[PDB]
Structure formats: structure tokens, C-alpha cells
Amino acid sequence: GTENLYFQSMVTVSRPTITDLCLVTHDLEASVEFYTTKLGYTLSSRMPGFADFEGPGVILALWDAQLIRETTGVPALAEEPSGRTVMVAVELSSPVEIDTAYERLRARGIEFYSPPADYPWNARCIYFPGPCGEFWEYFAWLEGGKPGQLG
């Protein structure tokens, strides 16, 4: 009984809490320009080849690929990727808000892969590329909410 309590303690894997999402850039200043002027992020800090933005929530950051290689030895992508590498998703509170966001973002020069549409996973979504190989999704659940939830 006591040994079991010890066993349970030792084998539990504690899940980490992601605090910062750091995109790999090849042109920091152009990236900073995009997230600030197009998406409304505010600069919080700067270091060599690095900038990040204010919270709340996950901290969005940018770090030059060459600097990552040189300072950490992590082999960050040498050049701009040949396709999209990661997705950053923003849940909105209603499908109709998606169309509003689309028009505001499009007016600021955001280029979308398609106009707003309903998708087979029960969400209304829009998708756009950012300058660090990522794409962004704004989504809102249609009636019935999120499908596929496990029980």
C-alpha cells in the first residue's frame, strides 16, 4: 500500500506547460513588421536576432535561424521552407465573427488561402500564411461544437 503510493509518484509523467511559441525566422525585421502591423502584437523584448511580444496568454516570439544554430547548435532550417511547417490557431466565439475577422485582416494585407468556409470538422475557418513558414487558422465551432472528443 505504501510501496504503491511511491510507485504511482515515480511513474507519473508531469505534462509541461508551454509558455512561449517561438517561430524560426530568416528576416527578423520583416517578421516583426508583419506581427505588429498586421496582427496587432506589441514588442516586449529584444535580444540579438530575437524579439518577442506582450501577453497575456502564450508569448509569441521570433528567433533568427542562423543565431539559433550558432548559439545552441540546434539545426534550425537554413532557408525559407518549401511548404507550411506549423499551424497557429485562434478560436473565435462564433462563425459570423470569422467573416468579420476575414474582412478586417484582408484590409490590412493578410492573404488568405480561401474565403471563409464551413469545414467537415464542424467549424467555420480561415487560413493564412505568416512569414516564418507557419500558417494561421481562425476557427469557430458550428452548432454542436467540437467533434471527436474522447470519453
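In case it trips you up, residue 1 is the first one in the sequence shown, and so on.
- Higher mean CA B-factor, judged across 78-86 and 59-67 from the recorded values: 78-86.
- Note on 122-130 vs 47-55: mean CA B-factor is higher in 47-55.
- In the PDB entry, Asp99 places in the middle third of its chain by CA B-factor.
- Annotation for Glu111: C-alpha temperature factor in the middle third relative to the rest of the modelled chain, per the entry.
- When the modelled residues of the chain are ordered by C-alpha B-factor, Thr25 sits in the middle third.
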